[PDB]
Amino acid sequence: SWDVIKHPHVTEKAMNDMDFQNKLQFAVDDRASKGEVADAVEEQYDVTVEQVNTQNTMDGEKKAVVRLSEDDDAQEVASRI
Amino acid sequence: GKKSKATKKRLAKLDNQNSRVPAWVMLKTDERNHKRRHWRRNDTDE
Amino acid sequence: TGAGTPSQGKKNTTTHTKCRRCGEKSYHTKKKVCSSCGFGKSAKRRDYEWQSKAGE
Amino acid sequence: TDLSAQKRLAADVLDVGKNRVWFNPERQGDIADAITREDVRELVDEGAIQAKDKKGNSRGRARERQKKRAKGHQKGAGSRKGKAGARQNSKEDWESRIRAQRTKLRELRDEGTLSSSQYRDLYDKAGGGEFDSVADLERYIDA
Amino acid sequence: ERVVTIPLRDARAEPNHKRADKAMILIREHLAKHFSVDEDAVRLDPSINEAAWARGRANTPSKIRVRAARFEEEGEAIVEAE
RNA sequence: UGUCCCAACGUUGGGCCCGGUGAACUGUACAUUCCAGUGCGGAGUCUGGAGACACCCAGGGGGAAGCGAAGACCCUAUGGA
RNA sequence: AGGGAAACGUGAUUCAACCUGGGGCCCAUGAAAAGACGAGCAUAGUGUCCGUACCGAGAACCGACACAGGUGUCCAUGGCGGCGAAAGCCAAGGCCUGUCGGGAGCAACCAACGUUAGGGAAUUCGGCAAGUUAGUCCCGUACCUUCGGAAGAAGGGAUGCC
RNA sequence: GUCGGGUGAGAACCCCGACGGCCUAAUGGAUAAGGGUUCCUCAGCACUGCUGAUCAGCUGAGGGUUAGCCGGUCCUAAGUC
RNA sequence: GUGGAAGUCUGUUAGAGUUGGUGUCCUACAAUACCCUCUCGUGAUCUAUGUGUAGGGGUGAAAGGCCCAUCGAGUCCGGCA
RNA sequence: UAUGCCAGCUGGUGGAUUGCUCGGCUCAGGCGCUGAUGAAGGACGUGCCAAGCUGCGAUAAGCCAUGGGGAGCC
Ligand SMILES: [Cl-]
Ligand SMILES: [Cl-]
Ligand SMILES: [Mg+2]
Ligand SMILES: [Mg+2]
Ligand SMILES: [Mg+2]
Ligand SMILES: [Mg+2]
Ligand SMILES: [Mg+2]
Ligand SMILES: [Mg+2]
Ligand SMILES: [Mg+2]
Ligand SMILES: [Mg+2]
Ligand SMILES: [Mg+2]
Ligand SMILES: [Mg+2]
Ligand SMILES: [Mg+2]
Ligand SMILES: [Mg+2]
Ligand SMILES: [Mg+2]
Ligand SMILES: [Mg+2]
Ligand SMILES: [Mg+2]
Ligand SMILES: [Mg+2]
Ligand SMILES: [Mg+2]
Ligand SMILES: [Mg+2]
Ligand SMILES: [Mg+2]
Ligand SMILES: [Mg+2]
Ligand code: NA
Ligand code: NA
Ligand code: NA
Ligand code: NA
Ligand code: NA
Ligand code: NA
Ligand code: NA
Ligand code: NA
Ligand code: NA
Ligand code: NA
Ligand code: NA
Ligand code: NA
């Protein structure tokens, strides 16, 4: 069985979203919906996912831009990995 | 033109297959990518 | 108008595409039939004996 | 140095055509180092980057001509290029005329000067193109 | 340094729609000769250029008074309008 | 009315010289030819004479029955359509 | 709210878009289905999936080429001009990439082209090529005719500016 | 196009400024199809670029496309399975 | 006078077409191009996209025209040495 | 004695020749069915770095058991 989350998509633009918008970007399996991406994320990092935007990339993978609630801090969640 | 998720996957593979043989392989093999495809000079399938 | 060069300009139509069944770029997307494996016309795969010399 | 990228940037930030963005010839180096839009705005605020002014066509000579023509000149046979019915649409002009005449008759009736029988008579005559203009009509009205 | 009148009558030997360019060359060739310098060392202030290109690429004035100066360690001339 | 008598001058791009780039056609061999002759009767190459110091640049194309195409004409084939 | 350095207008004419009518034509009659309305209101929750870069062309497409060819839609209301979505000139916007340059008053020759006295089709298969005429208004207009037309017949005059 | 200048081992053609021009149903703006990463950034010049190149649609590596209310999706057309 | 009909007229509006130059080109920019000239331009009009007809068969306002540079019988492979 | 002719010498261009064979061609013996318990084939994936080939299949150049084998291996 396939896993929802593949790995954190870390790039300059990903950083800006994390520092400035409290958003975490991930490389997720392309068969995963926004909702699945949401759950998986909350469960894996114990946070509150507010919104998820997806985009099927020219790399063959799906990218997910996940925004965490003001309650959580992306910068911190990402720093532990 | 409007491409589908499947198409996009293929074009994607092709782009990747369009990278060069890494330097390290040259050494590991004591010594060419015969599948180099230019977007203008070559034509993909479909 | 010349049937040559000047008539080559209008060719921006898509027909034969990558066949889901045999992987060749011969699936005629208007016909929904593959010119190579027959996918969309025959359950059995396309094959003829004239594809090779009679005695081989 | 190559400031082409910046040019496209300045033009979007200044919100102007690339061809109107000016770069101070003495600050290429500094402008060269500009890499982010913000860096641009900054050089903009320092006046190192500015936008040339766009011109408009002067309508002066146009207005002089417009006056002479509104006053009746520069319209001689040697100044006309289109057919006559081209310079003035005959159908349009009849609508212009017949409406004026129908409005006139309309007032005189409500005004009392005309009985709805005299009015009728004149209206029907106007619609038959009996009056060249309102003036002509009034004239005819007076016997 | 001195003030010189450059004749541009020879710019007519070149096709009319390109008089400017030729003039501009003639100007450089003149100085180089009259100030015994290499055409490489002759610098023409933009004033001179705008003068030659005043009425377009095809209408160049027949003469042009130009002010030049000569000097330095390799030899050169710098010039301008007047 | 430059179609012509009857051509001239001018304009622009070429052409010519220089830097850079850089093909193709074609090639049995030999080859400075010319006048004649001869030869399968339409010869730079045979025979006799004449002429001819070598190389190079530009030209308009007389000749190489110039290059290009196993003649469409014509006939033949116990050919094709 | 926003935006602007600032002022952060008021009226008018002509009026694309959009809206709403009337007339006329057919030996031509100008889709269908989903859906919407009919059928209220509050609060809350949900709204997944695929496309989204860029070119869109005298270098991103088809034509073996960074090919003078071919290739659909929308912007048809930018100014003068004028009948005009025409010419010509000019904005906004774009460009100097229809991408090799330097030099000779720059010869012969060639390609495009201007002007040629007198004659005026003698040229040539043939006026081929080139030229003449020209916009607008007024006068005026033959043979013939299927009465519609011929007709812008032809011919004559005018034409700017203040 | 020209004169200055910038960068660079190297500059006629890479960049800045001025002067001079070109395009006005297009040489502008938005797009369909088609292309398929050509888009952006950095690093380069052995290939490609009708010369050169410090430039590039080239070479290499990285990065980039975020939708309840734009499209698809749904409906039915000629017609197709 | 009104009205505004027309396989109507002028017309490089857009667009479509292609008469002459027997120009330019003719190892092209191009295996049908460039320029000037010329025709149609409210209709038997032009056009995009979708869709139907297939090889002794289509399609043809008929030229033996056209059916992907292929046509008095497409193209591919086989019969085939 | 320029331009140049013939032959050679040195160097080059070219890749013939000779030598070599991880490939073919042919004959011979043995063996011989797979698939809805989803085959064959294809697509896309899968490696620390991985473009091609091979292998493999989200357990992805691999996991387990038994036997062999052996100090090497990836
Ligand atoms: Cl009405
Ligand atoms: Cl869309
Ligand atoms: Mg999306
Ligand atoms: Mg890439
Ligand atoms: Mg054909
Ligand atoms: Mg009328
Ligand atoms: Mg002799
Ligand atoms: Mg023969
Ligand atoms: Mg015959
Ligand atoms: Mg027969
Ligand atoms: Mg976009
Ligand atoms: Mg080009
Ligand atoms: Mg004369
Ligand atoms: Mg005669
Ligand atoms: Mg004669
Ligand atoms: Mg003529
Ligand atoms: Mg770029
Ligand atoms: Mg760079
Ligand atoms: Mg008509
Ligand atoms: Mg017409
Ligand atoms: Mg069609
Ligand atoms: Mg016949
Ligand atoms: Na990844
Ligand atoms: Na391509
Ligand atoms: Na002449
Ligand atoms: Na000759
Ligand atoms: Na106007
Ligand atoms: Na250049
Ligand atoms: Na009437
Ligand atoms: Na023509
Ligand atoms: Na047949
Ligand atoms: Na055969
Ligand atoms: Na077997
Ligand atoms: Na590999």
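Residue numbers count from 1 along every chain, following the sequence as written rather than necessarily the entry numbering; any residue without coordinates is not displayed. Just so you know, chain letters begin at A and ligand numbers begin at 1, following the order they were written in. Values throughout refer to the chains shown here, themselves only part of a larger assembly. With hydrogens and water excluded, all non-hydrogen atoms of the structure serve as input to the side-chain values.

- This entry lists X-ray crystallography as its structure determination method and reports a resolution of 2.9 Å.

### Structural notes on the packing of helix α6 (residues 90-110) of chain D against helix α7 (residues 118-126) of chain D
All names here are of chain D.
- Between α6 and α7, the least distance of the axes is 10 Å, while the angle of their chain directions is 175°. Taken together, α6 and α7 sit at an angle that is classed as roughly antiparallel. Side by side, α6 and α7 meet where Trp94, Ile98, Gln101, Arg102, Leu105, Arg106 and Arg109 of the first sit next to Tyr119, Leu122, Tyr123 and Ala126 of the second.
- We call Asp, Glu, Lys and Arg charged. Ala, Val, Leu, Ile, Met, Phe, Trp, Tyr, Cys and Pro are nonpolar, and the rest, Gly among them, are polar. By residue class, the composition of the contact of α6 with α7 is seven nonpolar, one polar and three charged. Here, axes are lines fitted to C-alpha atoms. For helices the fit covers the stretch in contact, and angles between N-to-C directions go from 0 to 180 degrees. Secondary structure is summarised from DSSP: a helix means a run of H or I of at least four residues, a strand means a run of E of at least two, and numbering begins at the N terminus for each. Roughly parallel covers angles under 35 degrees, roughly antiparallel covers those over 145, roughly perpendicular covers 65 to 115, and oblique covers all other angles. Note on contacts: a residue pair is in contact if any heavy atoms of the two residues lie within 4.5 Å.

### With respect to the protein's contact with RNA strand G
- Any residue with a heavy atom positioned within 4 Å of a molecule or strand is treated as near that molecule or strand. Taken together, 48 residues lie around RNA strand G, and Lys8(B), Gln8(C), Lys81(D), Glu14(E) and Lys22(E) are the ones closest in.
- Backbone sugar and phosphate groups make up 76% of those atoms of RNA strand G lying within 4 Å of the protein.
- Under this definition, polar contacts are N or O atom pairs within 3.5 Å; protein pairs additionally need one hydrogen-donor-capable and one acceptor-capable atom, and for neighbouring residues in sequence, both atoms have to be side-chain atoms. One of the backbone N or O atoms of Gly9(C) is found 3.1 Å from a base nitrogen in RNA strand G.
- Separating a phosphate oxygen of RNA strand G from a side-chain N or O atom of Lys83(D) is a distance of 3.3 Å.

### Digging into the UniProt feature "zinc finger region: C4-type" in chain C
- UniProt positions are given in the numbering used here, feature names are shortened, and annotations may be inferred rather than shown by experiment. Under the UniProt annotation, "zinc finger region: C4-type" lies at residues 19-37 of chain C.
- Spanning residues 19-37 of chain C, this segment combines 0% helix with 32% strand, and its end C-alpha atoms are found 9 Å apart.

### Re the interface of chain B and chain A
- Facing the five residues of chain B at the interface are six residues of chain A.
- If you sort the residues of chain B by the area they bury against chain A, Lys5(B), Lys8(B) and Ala12(B) come out on top, with a joint share of 74%.
- Just to be clear on terms, a salt bridge is a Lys or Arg side-chain nitrogen sitting within 4 Å of an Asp or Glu carboxyl oxygen. For the interface between chain B and chain A, the tally reads zero salt bridges.
- Our enumeration of links across chain B and chain A arrives at two residue pairs in polar contact.
- Classifying every residue of the side of chain B that touches chain A gives two nonpolar, no polar and three charged. By buried area we mean how much accessible surface two parts lose on assembly, using a 1.4 Å probe and totalling the loss over both.

### Things to note about the sheet that holds strand β1 (residues 5-8) of chain A
All names here are of chain A.
- Only when DSSP finds a minimum of two bridges between them are two strands counted as paired. Taken together, four strands build an open sheet; the order of strands is β1-β2-β4-β3 and the sheet is antiparallel. Looking at which strands have only one partner, the edges of the open sheet turn out to be β1 and β3 (49-56). Averaged over all adjacent pairs, the angle separating strand axes in this sheet is 30°, with direction ignored.
- Summarising the sheet, strand β2 (residues 23-28) and strand β4 (residues 62-68) pair through six bridges and their orientation is antiparallel. Within β4, the residue paired with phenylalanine 26 across the bridge is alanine 64.
- Running over the sheet, helix α2 (residues 34-45) touches β1, β2, β3 and β4 and is turned about 125° from β3.

### Description of the interface of chain B and chain C
- On the side of chain C, four residues touch chain B, which itself brings four residues to the contact.
- Here chain B meets chain C over a buried area of about 340 Å², counting both sides, of which 71% is carbon and sulfur.
- When the area that chain B buries against chain C is broken down by residue, the three leading residues are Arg10(B), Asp45(B) and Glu46(B), summing to 95%.
- Applying the counting rule to chain B against chain C returns zero salt bridges.
- Inspection of the region where chain B meets chain C yields zero residue pairs in polar contact.

### Observations concerning the UniProt feature "binding site: Zn(2+)" in chain C
Residues and elements named next belong to chain C.
- With numbering matched to this structure, UniProt assigns "binding site: Zn(2+)" to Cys19, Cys22, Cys34 and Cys37. For the residues just named, distributed over 19 residues, the greatest C-alpha separation is only 8.8 Å, placing them together at one site. Lining residues of the largest pocket drawn from the annotated set just named are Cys19.
- Setting aside anything within four residues of it in sequence, one finds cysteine 22 in contact with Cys34, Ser36, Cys37 and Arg45.
- Note that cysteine 37 resides in the segment after β3 (33-34).
- Ignoring any residue separated from it by four or fewer positions in sequence, one finds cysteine 37 in contact with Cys19, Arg21, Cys22, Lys44, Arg45 and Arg46. For cavity detection a 1 Å grid was placed over the protein atoms alone, and a set of points counts as a cavity when a 1.4 Å probe fits there but cannot get out; an open set counts as a pocket when protein lies on both sides within 12 Å along at least five of seven lines, with lining residues being those that have an atom within 4 Å of a point.

### Remarks on the environment of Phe23(D)
- Residue placement: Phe23(D) occurs in strand β1 (residues 21-23).
- Not counting the four nearest positions on each side in its chain, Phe23(D) is found in contact with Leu3(D), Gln6(D), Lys7(D), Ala10(D), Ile31(D), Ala48(D) and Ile49(D).

### So, unusual backbone geometry
Residues and elements named next belong to chain D.
- Although it is not a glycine, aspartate 15 sits at a positive phi angle of roughly 55°.
- Structurally, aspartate 15 can be placed in the loop between α1 (4-13) and β1.
- Judged by relative accessible area, which is 63%, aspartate 15 ranks as exposed.
- Although it is not a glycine, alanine 143 sits at a positive phi angle of roughly 60°. Under the scheme applied here, a residue whose accessible area is under 20% of the maximum for its type counts as buried, over 50% as exposed, and between as partly exposed, the area being computed with a 1.4 Å probe on protein chains only.

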